[PDB]
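Trainee: For reference, the structure I am asking about is given below.
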Amino acid sequence: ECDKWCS
Amino acid sequence: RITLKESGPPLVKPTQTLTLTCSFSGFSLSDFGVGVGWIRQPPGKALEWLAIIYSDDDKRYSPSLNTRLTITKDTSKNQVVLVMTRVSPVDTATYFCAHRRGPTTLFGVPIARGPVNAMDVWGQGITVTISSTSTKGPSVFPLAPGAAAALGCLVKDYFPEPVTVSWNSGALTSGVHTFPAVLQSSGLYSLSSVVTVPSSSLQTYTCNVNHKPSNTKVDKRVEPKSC
Amino acid sequence: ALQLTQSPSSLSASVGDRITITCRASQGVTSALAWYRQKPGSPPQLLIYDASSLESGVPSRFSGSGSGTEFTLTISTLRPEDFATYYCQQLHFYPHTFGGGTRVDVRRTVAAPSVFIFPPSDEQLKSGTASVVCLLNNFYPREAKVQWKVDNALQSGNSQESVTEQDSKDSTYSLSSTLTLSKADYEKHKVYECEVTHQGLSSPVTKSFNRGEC
C-alpha cells in the first residue's frame, strides 16, 4: 500500500 | 543532534525470540509525524527494510517477515523495540534502527513533506549471530602447495567470532591474506589465511592462530610436504 | 512487490572522476527516493532525500535527479572517502525497499588471478572431513567465478567462498573458496578441480590434482 505521506 | 543506538543479545539460538532495543536522544516519538524504522544487513549483503513505527502509533512491517515481527514504542523512555520470533540462521545480520523526519511545519501547519522521504539518521548497528553452537576452538590444518608459491592455514570449526591469525609471530606481513570467515551450515565458522612468497623462499612459515573465546592458541608451521 | 534495480552493481573509478549511479523502480515512486553512501564497517549515511534535495552537511559534489521510475546520483569529483557502496531507497510504497547497492572501488589495470588448489591435509582426513581449498590471488576487477569439479561432475551446494576487501596498495582482491566433503565421499573420487573464470583470463583456467597420487 501507499506510504504514510501519499495523497 | 539526533543519535540512535541499538542494544540486545549478540548471539541467539534458532527458534528463539530476539528482542532489539533502539534508544535515542534529540527527538521525541511524540513529535509530529516522526518515525523510527529498523533495517538489517546480513554480512556481505544488501540492506533489507524490516519495519517502522510513527509517533501517532501507526506500524508497518515487511510482508516477508510480518508474522515474526512486532514493533512497539515506549515514548517516555525514548525507545523503540523490535521483537522477532522464531529466528533461524538466515536472520544473522547487523540490525540498524533509524530516524525518519515528519513533515516540516510552519506555526504548526504541515507545509513540506519532502523531508520524510529518507531515513536521515542511523544508529551504529548491532551485530546478531544466530547459531545453536556452543563456544568452541578451531582445528588448524595446513594448506600446502609471477612464479609465486602459496601456502596457508585453514582455521576450521570454531565459535563464536573472532579469531586472530598472524604469520611468523607477526614478522611476515607482505603477501598475507586472511579471509573473512564463513558461517557454515553446522553453525561454526571457518576461515583460511594464506601467504604468497617468491617460489624460492620455500625461510620457514608458521601461522599463529588465537581464538580468545575458547582459550585456544595454536602455532602451525606449514611446509612444502613430500617429507 | 516493488522492485528497485541499481546500475551498475559495481563500478571502478579514480579520485577526481565524475560518476553516476542509477536506480530504476518497477512502478512509479514519485519523488520519494533517497540515496545513501555506506563505508565499510559503518552505517549508511543519507546523501540525498526526496530524489534531489541535498541533505544538510552533505558535500555539494553529490547530486540527485529524476522522479517516477528513474533516478540518478552523481558525484561530480570523486574523493577518497567515496570509495564505498551506495544504495537507493524508495519510500512511496510499503515495504520501503532498498536497491541492491553499487560498489565503487579504486580502478587499476586488469589483473588475472594467480590460482592455487590445496588438497585436504592428512590430519583433517583422520577426523573424517575433507576440505579442498582454491585460492584466487591478487586479481581485478572483483568479479570472478569459481566452479568445482570432481571427476568431471559439476559441484553445487557444497562450497563457500569469501573475498578480501580491496588492497590499499595493490587495488586487487583475493578470493578463497572451500569445497567440503566427507572423508568417505572424498575417497570415492580422483580428480579435484577448481575452474576459474575472470576478465583477465583469455579463457578459464583450471588447477587440479588427483587424490592419493604420491
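Ordering of the C-alpha cells sets the chain letters (A, B, ...); residue numbers start at 1 within each chain; ligands are numbered from 1 in the order shown.
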If you run DSSP on this backbone, which residues of segment 44-185 of chain C come out as helix (DSSP H, G or I), and could you give them as an MDAnalysis selection string?
Mentor: chainID C and resid 80:82 122:126 183:185
Trainee: I need the chain C residues near chain B as a ChimeraX atom specification; criterion: at most 9 Å, counting only C-alpha atoms.
Mentor: /C:31-35,42-51,53,55,87,89-92,94-101,114,116-121,123-124,131,133,135,137,160-165,174-176,178,214
Trainee: Kindly determine which residues of chain A lie within 6 Å of chain C, considering only C-alpha atoms, and give the answer as a VMD selection string.
Mentor: chain A and resid 1 to 3
Trainee: Atom CA of residue 42 of chain B and atom CA of residue 104 of chain C, how far apart in Å?
Mentor: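 Here the two named atoms are 19.6 Å from each other.
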Trainee: Write out as a Markdown table a residue-level contact list of chain A versus chain B with cut-off 10 Å: for each qualifying residue the closest pair of atoms and the distance in Å to one decimal, counting only C-alpha atoms, rows sorted by chain and residue number upward.
Mentor:
```
| residue | atom | partner | partner_atom | distance |
| --- | --- | --- | --- | --- |
| A:3 | CA | B:60 | CA | 9.6 |
| A:4 | CA | B:58 | CA | 8.9 |
| A:5 | CA | B:113 | CA | 7.1 |
| A:6 | CA | B:113 | CA | 9.3 |
```
Trainee: Among the residues of segment 95-180 of chain C, find those DSSP assigns to strand (DSSP E or B) from the backbone and print them as a CSV table (one decimal) with N, CA and C atoms, in the first residue's frame.
Mentor:
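The resulting file, out38.csv, is reproduced below:
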```csv
chain,number,residue,atom,x,y,z
C,98,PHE,N,15.0,-1.1,-0.6
C,98,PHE,CA,16.3,-0.7,-0.9
C,98,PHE,C,16.8,-1.3,-2.2
C,102,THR,N,25.5,-0.4,-5.1
C,102,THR,CA,26.5,-0.3,-6.2
C,102,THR,C,27.8,0.0,-5.5
C,103,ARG,N,28.8,-0.9,-5.6
C,103,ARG,CA,30.2,-0.8,-5.0
C,103,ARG,C,31.1,0.1,-5.9
C,104,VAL,N,31.7,1.1,-5.3
C,104,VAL,CA,32.5,1.9,-6.1
C,104,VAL,C,33.9,1.6,-5.6
C,105,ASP,N,34.9,1.1,-6.4
C,105,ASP,CA,36.2,0.8,-5.9
C,105,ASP,C,37.3,1.5,-6.8
C,106,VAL,N,38.6,1.5,-6.3
C,106,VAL,CA,39.7,2.1,-6.9
C,106,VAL,C,40.0,1.4,-8.3
C,111,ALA,N,44.0,-7.4,-13.9
C,111,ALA,CA,45.0,-8.4,-13.4
C,111,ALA,C,44.3,-9.7,-13.2
C,114,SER,N,46.2,-15.4,-9.7
C,114,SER,CA,47.1,-16.5,-9.7
C,114,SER,C,46.3,-17.5,-8.9
C,115,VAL,N,46.1,-18.7,-9.5
C,115,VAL,CA,45.2,-19.7,-8.9
C,115,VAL,C,46.0,-20.8,-8.3
C,116,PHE,N,45.6,-21.3,-7.2
C,116,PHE,CA,46.2,-22.4,-6.5
C,116,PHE,C,45.2,-23.3,-5.9
C,117,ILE,N,45.4,-24.7,-5.9
C,117,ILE,CA,44.5,-25.6,-5.3
C,117,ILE,C,45.2,-26.4,-4.2
C,118,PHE,N,44.5,-26.5,-3.1
C,118,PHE,CA,45.1,-27.2,-2.0
C,118,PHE,C,44.3,-28.4,-1.6
C,129,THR,N,36.7,-35.4,7.8
C,129,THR,CA,36.2,-34.5,6.8
C,129,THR,C,37.3,-34.1,5.8
C,130,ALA,N,36.9,-33.6,4.7
C,130,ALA,CA,37.9,-33.2,3.7
C,130,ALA,C,37.5,-31.9,3.1
C,131,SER,N,38.5,-30.9,3.3
C,131,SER,CA,38.3,-29.6,2.8
C,131,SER,C,39.2,-29.3,1.6
C,132,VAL,N,38.7,-28.9,0.4
C,132,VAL,CA,39.6,-28.7,-0.7
C,132,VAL,C,39.5,-27.2,-0.8
C,133,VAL,N,40.6,-26.4,-0.8
C,133,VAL,CA,40.5,-25.0,-0.9
C,133,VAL,C,41.2,-24.5,-2.2
C,134,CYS,N,40.6,-23.5,-2.8
C,134,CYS,CA,41.1,-22.9,-4.0
C,134,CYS,C,41.3,-21.5,-3.7
C,135,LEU,N,42.5,-21.0,-4.1
C,135,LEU,CA,42.8,-19.6,-3.9
C,135,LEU,C,43.0,-18.8,-5.2
C,136,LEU,N,42.4,-17.7,-5.3
C,136,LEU,CA,42.5,-16.8,-6.5
C,136,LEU,C,43.2,-15.6,-5.8
C,137,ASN,N,44.4,-15.4,-6.2
C,137,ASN,CA,45.2,-14.3,-5.5
C,137,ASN,C,45.5,-13.0,-6.4
C,138,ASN,N,45.3,-11.9,-5.7
C,138,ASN,CA,45.5,-10.6,-6.4
C,138,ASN,C,44.9,-10.3,-7.8
C,139,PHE,N,43.6,-10.3,-8.0
C,139,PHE,CA,43.1,-10.1,-9.3
C,139,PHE,C,42.2,-8.8,-9.3
C,140,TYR,N,41.8,-8.4,-10.5
C,140,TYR,CA,41.0,-7.2,-10.7
C,140,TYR,C,40.5,-7.2,-12.1
C,144,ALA,N,34.6,-12.7,-10.2
C,144,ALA,CA,35.4,-13.9,-10.5
C,144,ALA,C,34.4,-15.0,-10.3
C,145,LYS,N,34.5,-16.1,-11.0
C,145,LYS,CA,33.7,-17.2,-10.9
C,145,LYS,C,34.5,-18.5,-10.7
C,146,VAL,N,34.2,-19.2,-9.6
C,146,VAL,CA,34.9,-20.4,-9.3
C,146,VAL,C,33.9,-21.6,-9.4
C,147,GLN,N,34.3,-22.6,-10.1
C,147,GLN,CA,33.5,-23.8,-10.3
C,147,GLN,C,34.2,-25.1,-9.9
C,148,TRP,N,33.7,-25.8,-8.9
C,148,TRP,CA,34.4,-27.0,-8.5
C,148,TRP,C,33.9,-28.2,-9.4
C,149,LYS,N,34.9,-29.0,-9.7
C,149,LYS,CA,34.5,-30.2,-10.5
C,149,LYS,C,35.3,-31.4,-9.8
C,150,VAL,N,34.6,-32.5,-9.6
C,150,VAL,CA,35.1,-33.7,-9.0
C,150,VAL,C,34.9,-34.8,-10.1
C,153,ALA,N,32.3,-34.0,-12.5
C,153,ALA,CA,30.9,-33.7,-12.1
C,153,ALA,C,31.0,-32.3,-11.5
C,154,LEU,N,30.1,-31.5,-12.0
C,154,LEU,CA,29.9,-30.1,-11.6
C,154,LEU,C,29.5,-30.1,-10.1
C,159,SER,N,30.2,-25.8,-1.3
C,159,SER,CA,31.4,-24.9,-1.2
C,159,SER,C,31.0,-23.5,-0.7
C,160,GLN,N,32.0,-22.8,-0.2
C,160,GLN,CA,31.7,-21.5,0.3
C,160,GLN,C,32.9,-20.7,0.0
C,161,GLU,N,32.7,-19.4,-0.3
C,161,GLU,CA,33.8,-18.5,-0.6
C,161,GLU,C,33.7,-17.2,0.1
C,162,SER,N,34.8,-16.5,0.3
C,162,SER,CA,34.9,-15.2,0.8
C,162,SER,C,36.0,-14.4,0.1
C,163,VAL,N,35.8,-13.1,0.0
C,163,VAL,CA,36.7,-12.2,-0.7
C,163,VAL,C,37.3,-11.1,0.2
C,173,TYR,N,42.0,-7.8,-5.4
C,173,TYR,CA,41.2,-8.6,-4.5
C,173,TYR,C,41.7,-10.0,-4.5
C,174,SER,N,41.4,-10.8,-3.5
C,174,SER,CA,41.8,-12.2,-3.4
C,174,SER,C,40.5,-12.9,-3.0
C,175,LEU,N,40.4,-14.2,-3.4
C,175,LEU,CA,39.2,-15.0,-3.1
C,175,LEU,C,39.6,-16.4,-2.7
C,176,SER,N,39.0,-16.9,-1.6
C,176,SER,CA,39.2,-18.2,-1.1
C,176,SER,C,37.9,-19.0,-1.2
C,177,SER,N,38.0,-20.1,-1.9
C,177,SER,CA,36.8,-21.0,-1.9
C,177,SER,C,37.1,-22.4,-1.3
C,178,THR,N,36.3,-22.8,-0.4
C,178,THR,CA,36.4,-24.1,0.2
C,178,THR,C,35.3,-25.1,-0.2
C,179,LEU,N,35.8,-26.3,-0.8
C,179,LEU,CA,34.9,-27.4,-1.2
C,179,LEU,C,34.9,-28.4,0.1
C,180,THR,N,33.8,-28.7,0.6
C,180,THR,CA,33.8,-29.6,1.8
C,180,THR,C,33.1,-30.9,1.5
```
Trainee: Find the distance between atom CA of residue 161 of chain B and atom CA of residue 22 of chain B and write it in Å to one decimal.
Mentor: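 Atom CA of residue 22 of chain B lies 24.0 Å from atom CA of residue 161 of chain B.
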Trainee: What's around segment 199-210 of chain C at 6 Å? Count only C-alpha atoms, leave out sequence neighbours fewer than 3 positions away in its own chain, and write the answer as a list in words.
Mentor: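 Residues meeting the cut-off are residues 110, 111, 112, 190, 191, 192, 193, 194, 195, 196 and 213 of chain C.
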Trainee: Go ahead and write the residues just picked, N, CA, C and O atoms, as a tab-separated table (two decimals), in the first residue's frame.
Mentor:
```tsv
chain	number	residue	atom	x	y	z
C	110	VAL	N	43.57	-4.26	-15.36
C	110	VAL	CA	43.09	-5.61	-15.21
C	110	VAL	C	44.24	-6.53	-14.83
C	110	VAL	O	45.35	-6.44	-15.41
C	111	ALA	N	43.99	-7.40	-13.86
C	111	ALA	CA	44.98	-8.37	-13.42
C	111	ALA	C	44.28	-9.69	-13.18
C	111	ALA	O	43.33	-9.76	-12.39
C	112	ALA	N	44.75	-10.73	-13.87
C	112	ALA	CA	44.19	-12.07	-13.73
C	112	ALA	C	44.64	-12.64	-12.40
C	112	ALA	O	45.67	-12.25	-11.83
C	190	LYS	N	38.75	-39.14	-7.83
C	190	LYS	CA	40.17	-38.85	-8.00
C	190	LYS	C	40.55	-37.44	-8.43
C	190	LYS	O	41.43	-36.84	-7.82
C	191	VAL	N	39.90	-36.91	-9.47
C	191	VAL	CA	40.26	-35.58	-9.96
C	191	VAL	C	39.47	-34.44	-9.32
C	191	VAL	O	38.29	-34.30	-9.56
C	192	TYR	N	40.13	-33.64	-8.50
C	192	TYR	CA	39.54	-32.50	-7.82
C	192	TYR	C	40.03	-31.28	-8.57
C	192	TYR	O	41.23	-31.03	-8.64
C	193	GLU	N	39.09	-30.52	-9.15
C	193	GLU	CA	39.44	-29.36	-9.96
C	193	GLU	C	38.73	-28.08	-9.58
C	193	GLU	O	37.54	-28.07	-9.28
C	194	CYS	N	39.46	-26.97	-9.65
C	194	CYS	CA	38.95	-25.64	-9.37
C	194	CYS	C	39.05	-24.87	-10.72
C	194	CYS	O	40.15	-24.50	-11.17
C	195	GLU	N	37.90	-24.60	-11.33
C	195	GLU	CA	37.85	-23.87	-12.60
C	195	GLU	C	37.60	-22.39	-12.36
C	195	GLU	O	36.65	-22.03	-11.66
C	196	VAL	N	38.41	-21.52	-12.93
C	196	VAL	CA	38.26	-20.09	-12.66
C	196	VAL	C	38.02	-19.22	-13.87
C	196	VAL	O	38.78	-19.29	-14.82
C	213	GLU	N	47.44	-39.46	-5.43
C	213	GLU	CA	48.58	-39.64	-6.29
C	213	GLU	C	49.79	-39.24	-5.45
C	213	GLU	O	49.80	-38.17	-4.84
```
Trainee: Write out as a ChimeraX atom specification each polymer residue whose atoms come within 12 Å of residue 213 of chain B, counting only C-alpha atoms; drop sequence neighbours fewer than 5 positions from it.
Mentor: /B:134-138,158-164
Trainee: Store the residues of this selection in a file with N, CA and C atoms, as a compact mmCIF listing (two decimals), in the first residue's frame.
Mentor:
```txt
# COMPACT_ATOMS: atom_id res chain seq x y z
N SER B 134 27.84 -23.93 20.67
CA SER B 134 28.44 -23.54 21.95
C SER B 134 29.86 -23.06 21.61
N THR B 135 30.45 -22.30 22.51
CA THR B 135 31.81 -21.86 22.31
C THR B 135 32.70 -23.06 21.93
N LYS B 136 33.58 -22.89 20.95
CA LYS B 136 34.45 -23.97 20.51
C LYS B 136 35.71 -23.51 19.76
N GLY B 137 36.86 -24.06 20.14
CA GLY B 137 38.11 -23.69 19.48
C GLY B 137 38.29 -24.33 18.11
N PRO B 138 39.04 -23.67 17.20
CA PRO B 138 39.30 -24.15 15.84
C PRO B 138 40.30 -25.30 15.75
N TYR B 158 35.11 -23.20 14.45
CA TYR B 158 35.21 -22.55 15.73
C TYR B 158 33.99 -21.65 15.92
N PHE B 159 33.76 -21.24 17.17
CA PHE B 159 32.66 -20.36 17.52
C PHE B 159 32.88 -19.75 18.89
N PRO B 160 32.55 -18.46 19.05
CA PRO B 160 32.00 -17.57 18.02
C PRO B 160 33.16 -16.81 17.40
N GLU B 161 32.87 -15.78 16.61
CA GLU B 161 33.93 -14.91 16.08
C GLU B 161 34.42 -14.12 17.32
N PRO B 162 35.63 -13.57 17.26
CA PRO B 162 36.56 -13.61 16.15
C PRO B 162 37.72 -14.52 16.44
N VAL B 163 38.59 -14.66 15.46
CA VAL B 163 39.83 -15.38 15.68
C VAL B 163 40.93 -14.46 15.11
N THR B 164 42.16 -14.52 15.64
CA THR B 164 43.23 -13.72 15.06
C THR B 164 44.30 -14.64 14.48
```
